[PDB]
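S.K.: Below is the structure I would like to discuss, written out as structure tokens.
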Amino acid sequence: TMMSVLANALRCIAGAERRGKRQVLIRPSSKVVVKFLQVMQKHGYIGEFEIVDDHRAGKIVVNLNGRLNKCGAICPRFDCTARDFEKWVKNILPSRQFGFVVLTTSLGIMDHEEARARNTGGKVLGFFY
Amino acid sequence: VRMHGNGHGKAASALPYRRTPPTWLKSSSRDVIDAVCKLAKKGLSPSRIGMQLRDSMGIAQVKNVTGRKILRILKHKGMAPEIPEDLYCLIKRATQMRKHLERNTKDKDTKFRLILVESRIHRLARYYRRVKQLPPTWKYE
Amino acid sequence: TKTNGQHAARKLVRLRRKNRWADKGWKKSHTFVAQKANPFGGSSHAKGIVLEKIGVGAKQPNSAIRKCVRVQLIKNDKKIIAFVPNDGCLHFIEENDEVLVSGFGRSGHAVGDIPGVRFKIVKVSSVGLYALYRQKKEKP
RNA sequence: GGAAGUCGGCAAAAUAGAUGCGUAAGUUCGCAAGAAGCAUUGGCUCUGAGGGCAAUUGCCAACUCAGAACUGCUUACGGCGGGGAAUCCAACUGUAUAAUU
RNA sequence: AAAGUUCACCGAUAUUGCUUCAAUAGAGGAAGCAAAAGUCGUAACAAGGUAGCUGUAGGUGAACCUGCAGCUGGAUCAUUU
RNA sequence: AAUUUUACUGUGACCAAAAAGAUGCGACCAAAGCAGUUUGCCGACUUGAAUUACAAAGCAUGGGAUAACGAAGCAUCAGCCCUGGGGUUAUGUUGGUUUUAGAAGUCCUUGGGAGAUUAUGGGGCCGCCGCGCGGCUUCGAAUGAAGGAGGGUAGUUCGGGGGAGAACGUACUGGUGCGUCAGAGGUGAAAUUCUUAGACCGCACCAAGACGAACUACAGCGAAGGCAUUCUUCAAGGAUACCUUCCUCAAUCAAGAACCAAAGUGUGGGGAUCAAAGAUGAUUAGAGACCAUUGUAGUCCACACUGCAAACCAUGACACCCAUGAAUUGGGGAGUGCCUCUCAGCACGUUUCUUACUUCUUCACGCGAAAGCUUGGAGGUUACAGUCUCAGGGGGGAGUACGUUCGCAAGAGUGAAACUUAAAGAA
RNA sequence: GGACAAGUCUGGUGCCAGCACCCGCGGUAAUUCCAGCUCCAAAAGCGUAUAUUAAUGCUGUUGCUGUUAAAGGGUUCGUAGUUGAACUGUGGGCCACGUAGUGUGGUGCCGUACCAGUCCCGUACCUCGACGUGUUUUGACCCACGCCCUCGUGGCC
RNA sequence: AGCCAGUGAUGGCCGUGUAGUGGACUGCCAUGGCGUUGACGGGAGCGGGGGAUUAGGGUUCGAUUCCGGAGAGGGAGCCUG
RNA sequence: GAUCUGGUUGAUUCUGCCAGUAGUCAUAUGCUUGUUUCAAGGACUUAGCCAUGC
Ligand SMILES: [K+]
Ligand SMILES: [K+]
Ligand SMILES: [K+]
Ligand SMILES: [K+]
Ligand SMILES: [K+]
Ligand SMILES: [K+]
Ligand SMILES: [K+]
Ligand SMILES: [K+]
Ligand SMILES: [K+]
Ligand SMILES: [K+]
Ligand SMILES: [K+]
Ligand SMILES: [K+]
Ligand SMILES: [K+]
Ligand SMILES: [Mg+2]
Ligand SMILES: [Mg+2]
Ligand SMILES: [Mg+2]
Ligand SMILES: [Mg+2]
Ligand SMILES: [Mg+2]
Ligand SMILES: [Mg+2]
Ligand SMILES: [Mg+2]
Ligand SMILES: [Mg+2]
Ligand SMILES: [Mg+2]
Ligand SMILES: [Mg+2]
Ligand SMILES: [Mg+2]
Ligand SMILES: [Mg+2]
Ligand SMILES: [Mg+2]
Ligand SMILES: [Mg+2]
Ligand SMILES: [Mg+2]
Ligand SMILES: [Mg+2]
Ligand SMILES: [Mg+2]
Ligand SMILES: [Mg+2]
Ligand SMILES: [Mg+2]
Ligand SMILES: [Mg+2]
Ligand SMILES: [Mg+2]
Ligand SMILES: [Mg+2]
Ligand SMILES: [Mg+2]
Ligand SMILES: [Mg+2]
Ligand SMILES: [Mg+2]
Ligand SMILES: [Mg+2]
Ligand SMILES: [Mg+2]
Ligand SMILES: [Mg+2]
Ligand SMILES: [Mg+2]
Ligand SMILES: [Mg+2]
Ligand SMILES: [Mg+2]
Ligand code: NA
Ligand code: NA
Ligand code: NA
Ligand code: NA
Ligand code: NA
Ligand code: NA
Ligand code: NA
Ligand code: NA
Ligand code: NA
Ligand code: NA
Ligand code: NA
Ligand code: NA
Ligand code: NA
Ligand code: NA
């Protein structure tokens with residue numbers, strides 16, 4: 001069955017970007033999905049998205065702009081210390097000049113550049129470049 | 001996929017987004033509860049009660065008017081069935097298969113289907129015992 | 001794909017332990033059967049006594065006689081066949097002498113076109129067979 | 001001394017009750033099995049367990065089993081399997097030449 | 001207060017018997033792998049001259065043959081609109 | 001009274017040396033070692049820093065991802081405040097007979113302010129089948145229903161799905177009754193075989209056992225193995241329809257269980273056809289084979305075993321995304337032909353939809369060593385992470401030996417090594 | 001000779017003697033054997049044997065393979081184990097101006113187009129009075145930002 | 001793939017021995033304790049601080065100078081402290 | 001320093017192992033050795049047997 005709705009949504013988005021579409025529909029969506037999207041939107045990687053409400057888990061329509069190359073979840077959510085940020089960057093990123101590794105800390109979901117500034121750590125969620 | 005087979009079916013019901021009653025209904029909440037209580041007194045199951053109201057009284061989604069589900073209404077009035085209705089209906093089917101097999105010993109296909117039904121009973125009864133809907137140390141046979 | 005658990009280290013450890021017996025290299029170093037069958041009890045060299053001098057033919061595409069000797073070891077009285085290298089060098093061996101024997105390379109596998117020979121003669125009468133060949137020493 | 005006797009261990013010797021432990025190959029899974037083998041055992045003075053009936057008390061009956069201290073042997077009625085490894089034949093219990101099988 | 005007597009306890013050592021592990025001889029009966037190509041054939045590779053192969057049962061100097069069910073990895077992707 | 005715990009993350013606590021990283025100093029450099037430097041005196045500056053640590057342990061910060069408890073909701077019901085009543089301490093000290101009055105407990109009653117669910121309905125009579133009035137006494141607050149699972153109702157829906165009966169159809173073989181007269185059968189060619197004691201052939205019947213042609217397909221049903229005449233029966237299964245019910249009940253699996261083509265085994269039946277073993281005739285250098293005539297076990301049924309197949313799609317199960325065009329099977333929604341009752345019916349034409357078997361030569365992207373795969377992918381993978389599980393590790397020895405479990409047996413499962421070889425293999 | 005830096009040099013042997021870790025060389029002209037001469041590597045050092053680490057993504061957690069190369073169990077059920085859907089919520093004002101995109105209104109509305117008019121074709125045009133740009137300027141959004149908030153409503157004040 | 005109980009196995013009660021607690025031990029009582037999260041048995045082996053190899057993850061060695069344990073040919077008893 | 005090369009074919013693209021290559025306070029044996037500094041040295045097998053002195 002469906003075990004991870006975060007892995008699902010990130011697979012739909014990277015799939016639509018590979019084909020060349022302009023919009024995607026994502027189900028069933030959740031709080032973690034929305035907070036992950038806001039991190040990509042704030043860095044200027046997707047564009048406007050909207051949440052349609054049924055009296056269930058909703059659906060999300062996301063507009064693309066041809067900037068995303070790949071996005072994927074990391075499973076299982078390993079643990080990262082503030083000194084361990086580089087090791088993850090060397091492994092799952094094309095270069096250290098650009099890209100992001102999204103973590104969940106006790107402050108909240110946020111990428112590794114912001115996490116280093118606040119000097120925290122936590123469990124990795126995914127990445128995008 | 002079905003849990004004990006190879007069917008991929010999708011037939012189901014889709015519930016409306018607007019939960020408010022449709023303002024042509026009349027039949028205040030007190031009258032609906034009376035009708036539910038009258039029907040259950042005749043031995044109808046919770047599922048059969050929802051059907052009768054739907055097909056003849058204009059009441060669709062009894063929860064939307066009176067705010068209470070059908071089983072909760074029956075439990076409050078103390079007329080709920082002794083065992084849950086899904087478990088009861090599975091047990092009835094397994095009994096009829098076993099009665100058939102006592103005269104037809106070569107029916108190896110019904111023997112295979114009986115294994116599937118009783119595996120369903122043991123999985124269901126394990127759940128009802130964990131959520132205390134059945135007495136502990138309740139056994140099918 | 002495979003198991004990806006975060007609580008499945010037991011399954012992954014059992015998998016690697018069972019599947020590690022499948023490579024002949026790793027199995028040879030943890031099984032003790034090789035040492036017993038090896039005439040050298042896991043040693044670089046061994047000392048023995050020459051029994052007789054034999055000449056074994058080479059394998060099919062080649063054609064020669066390889067000038068071996070039959071040696072009975074001292075530490076366990078096992079009989080092996082060893083090859084005496086370099087031109088001549090058979091006249092320096094004689095009978096009933098005492099020799100030092102080493103491996104041929106490849107760690108028990110036969111070498112070259114010599115059928116089933118995996119040992120070579122190094123020292124005869126504790127002087128050195130190559131030193132005798134180069135005339136740097138004289139036979140005692 | 002220990003089968004050297006004799007066609008041939010024939011005849012004799014030999015084992016032996018009970019209790020605790022322990023018991024192989026083979027097998028038709030029932031057996032083989034008391035396989036094989038080891039230990040204890042007397043006398044005297046005590047202790048514990050195992051019940052019934054009347055109102056916690058009183059009275060009363062049966063010998064079995066377990067344990068301890070002391071003390072002794074000249075190994076001391078009768079009665080009571082010797083054991084093991086194999087080959088041939090017949091599956092087995094049974095019958096059968098009264099008076100040589 | 002030594003020598004000595006009796007009993008309990010710890011217990012070396014020996015004999016006997018079981019149990020277990022590691023090495024070892026053996027008349028005969030077989031198997032594998034090499035060497036030389038010695039004898040007899042031609043089962044497979046082409047429709048290999050009876051298409052081949054899997055499972056099973058029987059037979060026979062040798063490769064093998066025969067019956068039953070299956071497969072194409074076939075020698076056919078195909079012919080009452 | 002009250003009165004949450006764990007993992008993860010930040011910073012402290014707590015940690016012999018040697019070794020390891022390193023902070024300082026030309027031991028002539030270096031491997032080292034903690035020491036050493038003053039343009040000179042009765043001295044001065046002095047150093048020898050600071051780190052780490054598989055996991056567990058210990059104070060305290062957050063609360064995002066997590067997991068441990070609890071509940072299964074009618075198993076629950078309980079305003080708050082304010083009067084006013086009814087019913088140990090001191091007594092200078094010690095020991096007792098004493099007691100203040102309080103505080104609790106209950107039962108009464110007086111101010112007020114709240115309420116997350118209207119006090120309404122019933123009992124309720126009379127006079128005007130209904131009809132309001134008068135006095136009246138009596139006794140609804142819970143997240144939502146997953147394009148996850150289960151159950152229900154309906155078309156008495158759909159189909160070579162399964163088990164039982166009763167019949168039907170020609171055909172092979174053997175009989176019976178008539179007719180006829182010299183050959184028939186078989187092969188590349190023949191010969192074993194049958195035949196004036198009437199074979200073969202023709203017509204009509206009888207018995208027995210097996211099997212259901214054509215229709216029959218890149219069609220249907222079943223977990224796989226499998227399943228094909230009709231009628232009557234018994235219990236099931238999937239898809240579709242639904243503003244029915246329920247509320248995480250789920251996915252996948254060591255151990256364990258049930259089923260499983262053909263051949264084979266045991267005990268009773270049955271015995272038409274075909275046919276391992278065997279027997280004859282040919283062919284051949286030979287022929288134990290292929291071909292011909294036969295023929296036992298088997299082939300069929302019931303009840304017990306066995307548990308192996310190229311048991312194959314040589315492709316494990318669950319979930320998501322993913323380009324097109326024609327077809328086909330079942331259910332549902334929205335001009336034409338037949339039409340006195342399994343009939344407000346049945347087929348067809350046009351457009352949508354859910355499920356199933358797939359096809360493209362005018363089918364993507366993409367992937368692959370290639371052949372090829374492509375909406376049950378062999379794609380979305382060095383831009384490598386959705387979840388679970390079963391196997392592999394150069395070719396042989398070998399699925400062999402020994403031990404053990406199961407089996408009446410045949411066998412099945414588990415399963416090495418010594419030796420030997422540079423290739424074997426794929427497109 | 002190649003891997004691997006370094007001779008198509010000169011004598012001897014003739015599938016012999018021997019080399020060769022692997023591929024291979026030697027049957028009368030041997031780039032490979034036994035020697036002479038040159039040369040190459042590294043050097044007070046340098047060969048050989050055995051074990052072990054890296055080469056090895058040939059043990060794969062990072063990170064393998066299973067249609068045909070070795071490898072998916074005959075099919076279902078099933079316990080321990082491993083993995084498991086969404087939800088209770090991440091404020092509001094003013095500051096002040098910097099900045100900031102949307103749309104919002106209005107502002108001028110040139111120049112062109114367009115709209116309604118005049119001459120008037122044809123069966124084209126010419127004249128005359130708003131509609132649309134694009135100059136400015138409102139409303140929210142966000143970024144720079146100090147304070148306050150009984151930081152939902154109440155109920156106090 | 002089961003292990004442990006006569007003759008101590010898991011616990012209880014008064015006791016005894018020890019420096020002291022304790023099933024360490026005597027008598028009595030109960031029926032427990034451990035195990036597919038691998039008990040019981042077998043093989044190799046003194047623990048650690050650490051060495052070798054090093055993109056990273058790892059693989060391997062450690063009798064040996066510091067710390068701990070054990071022994072004095074084999075195995076048992078004991079005096080003095 | 002995050003590196004690879006030779007062998008299956010008449011040629012080609014693969015799977016795959018054999019062989020090459022660098023270390024080792026890691027042991028042993030062979031050949032050869034002027035100076036100096038720092039150094040391990042009967043564990044491996046037999047916790048085998050021991051003259052004499054301390
Ligand atoms: K299923
Ligand atoms: K016996
Ligand atoms: K066959
Ligand atoms: K249904
Ligand atoms: K006739
Ligand atoms: K039939
Ligand atoms: K025949
Ligand atoms: K198989
Ligand atoms: K269908
Ligand atoms: K297709
Ligand atoms: K192609
Ligand atoms: K077997
Ligand atoms: K591989
Ligand atoms: Mg005599
Ligand atoms: Mg006698
Ligand atoms: Mg026995
Ligand atoms: Mg006895
Ligand atoms: Mg008899
Ligand atoms: Mg007589
Ligand atoms: Mg033919
Ligand atoms: Mg042939
Ligand atoms: Mg053939
Ligand atoms: Mg140091
Ligand atoms: Mg649901
Ligand atoms: Mg006939
Ligand atoms: Mg038919
Ligand atoms: Mg059969
Ligand atoms: Mg039979
Ligand atoms: Mg029979
Ligand atoms: Mg026949
Ligand atoms: Mg592949
Ligand atoms: Mg991968
Ligand atoms: Mg292999
Ligand atoms: Mg070498
Ligand atoms: Mg040449
Ligand atoms: Mg290695
Ligand atoms: Mg399969
Ligand atoms: Mg099987
Ligand atoms: Mg969740
Ligand atoms: Mg040792
Ligand atoms: Mg040692
Ligand atoms: Mg020490
Ligand atoms: Mg090949
Ligand atoms: Mg020693
Ligand atoms: Na399942
Ligand atoms: Na008898
Ligand atoms: Na300095
Ligand atoms: Na120096
Ligand atoms: Na230094
Ligand atoms: Na197939
Ligand atoms: Na298979
Ligand atoms: Na076996
Ligand atoms: Na080919
Ligand atoms: Na590597
Ligand atoms: Na294969
Ligand atoms: Na030493
Ligand atoms: Na000592
Ligand atoms: Na000694």
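S.K.: Ranked by Cβ crowding within 10 angstrom, fewest neighbours first, how are A:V24, C:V71, C:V33 ordered?
M.R.: C:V33, A:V24, C:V71
S.K.: Hey, which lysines would be in cross-link range of B:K106, C-alpha to C-alpha under 29 Å, not counting anything within fewer than 8 residues on its own chain?
M.R.: B:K92, B:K139
S.K.: Angle, helix A:5-19 long axis vs. longest principal axis of chain A, Cα atoms, 0 to 90°, nearest 10?
M.R.: 70
S.K.: Further question on the same structure: Once the other residues with Cβ under 13 Å from the Cβ of A:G15 are scored (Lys, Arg +1; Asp, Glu -1), what is the net sum?
M.R.: Combined, the nearby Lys, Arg, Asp and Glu give +4.
S.K.: Further, regarding this structure: To the nearest Å, what is the center-to-center distance of region A:47-73 and region B:118-141, using C-alpha atoms only?
M.R.: 43
S.K.: Taking the Cα centre of each part, how many Å lie between region B:26-45 and region C:38-83?
M.R.: Cα centroid to Cα centroid, the span is 103 Å.
S.K.: Next question. Please say if region B:1-87 is rounded, prolate or oblate, where rounded means a/c under 1.5 for a ≥ b ≥ c the square roots of the C-alpha gyration tensor eigenvalues, and otherwise the choice is prolate for a/b larger than b/c and oblate otherwise?
M.R.: oblate
S.K.: Can you list the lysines whose alpha carbon sits under 29 Å from that of C:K53, skipping same-chain ones fewer than 8 residues off?
M.R.: Cα-Cα hits under 29 Å: C:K36, C:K67, C:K75, C:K78, C:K79, C:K120, C:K123, C:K136, C:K137, C:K139.
S.K.: I would also like to ask the following. What residues qualify as long-range amide H neighbours of A:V101, i.e. H under 5 Å apart, gap of 5 or more or another chain, H built at 1.01 Å from N?
M.R.: For A:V101, whose amide H was placed from the backbone, the distant partners under 5 Å are A:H112, A:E113.
S.K.: A further question follows. Rounded if a/c is under 1.5, else prolate if a/b is larger than b/c, else oblate: which is chain A, with a ≥ b ≥ c the root eigenvalues of its Cα gyration tensor?
M.R.: Prolate is the answer for chain A, as a/c is 1.5 or above and a/b outweighs b/c.
S.K.: Quick check on chain C: helices-only [θ] at 222 nm, where DSSP H runs of length 4 and up contribute -39,500 (n - 2.57) each and the sum goes over total residues. Nearest 500, please.
M.R.: Calculated at 222 nm, the ellipticity per residue is -4500 deg cm²/dmol.
S.K.: Under the Karplus relation 6.51 cos²θ - 1.76 cosθ + 1.60, θ = phi - 60°, what is the ordered set of whole-Hz ³J(HN,Hα) values for region A:117-129, x standing for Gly and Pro?
M.R.: 4, 7, 6, 9, x, x, 8, 6, 10, x, 6, 6, 8
S.K.: What is the local net charge at B:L90, summed over the other residues whose Cβ is closer than 14 Å to its Cβ (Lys, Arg +1; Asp, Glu -1)?
M.R.: +3
S.K.: Using the Cα gyration tensor of region B:1-45, with a ≥ b ≥ c the square roots of its eigenvalues, what is the shape: rounded (a/c below 1.5), prolate (a/b larger than b/c) or oblate (neither)?
M.R.: Oblate is the answer for region B:1-45, as a/c is 1.5 or above yet b/c matches or exceeds a/b.
S.K.: So how do C:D97, A:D111, A:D54 line up by other beta-carbon neighbours within 10 Å, fewest first?
M.R.: Least crowded to most crowded, the residues run A:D54, C:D97, A:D111.
S.K.: Within a 10 angstrom radius of the beta carbon, how do A:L103, B:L74, B:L25 rank from fewest other beta carbons to most?
M.R.: B:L25, B:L74, A:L103
S.K.: I would also like to ask the following. Using θ = phi - 60° and the Karplus form 6.51 cos²θ - 1.76 cosθ + 1.60, what ³J(HN,Hα) does each residue of region C:28-38 get, whole Hz, x for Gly and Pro?
M.R.: For region C:28-38, the Karplus curve yields 5, 9, 9, 10, 6, 7, 5, 5, 5, 6, 7 Hz.
S.K.: First select every other residue whose beta carbon is under 14 angstrom from the beta carbon of B:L134; then total the charges, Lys and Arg +1, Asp and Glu -1.
M.R.: Its environment carries a net charge of +3.
S.K.: What list of ³J(HN,Hα) couplings, whole Hz, do you get for region A:71-83 from phi and the Karplus terms 6.51, -1.76, 1.60, once you set θ to phi - 60° and write x for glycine and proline?
M.R.: In residue order, the calculated couplings are 8, x, 7, 10, 9, x, 6, 5, 10, 10, 9, 4, 8 Hz.
S.K.: Hey, what angle do you get for helix C:9-19 against the long axis of chain C, alpha-carbon based, 0 to 90 degrees rounded to 10?
M.R.: On a 0 to 90 degree scale, this one is about 30.
With ideal geometry, Cβ positions are generated from the backbone for all residues, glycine too; neighbour counts draw on all protein chains shown. Each reported figure results from applying straightforward, stated rules to the coordinates on display, with no laboratory input.
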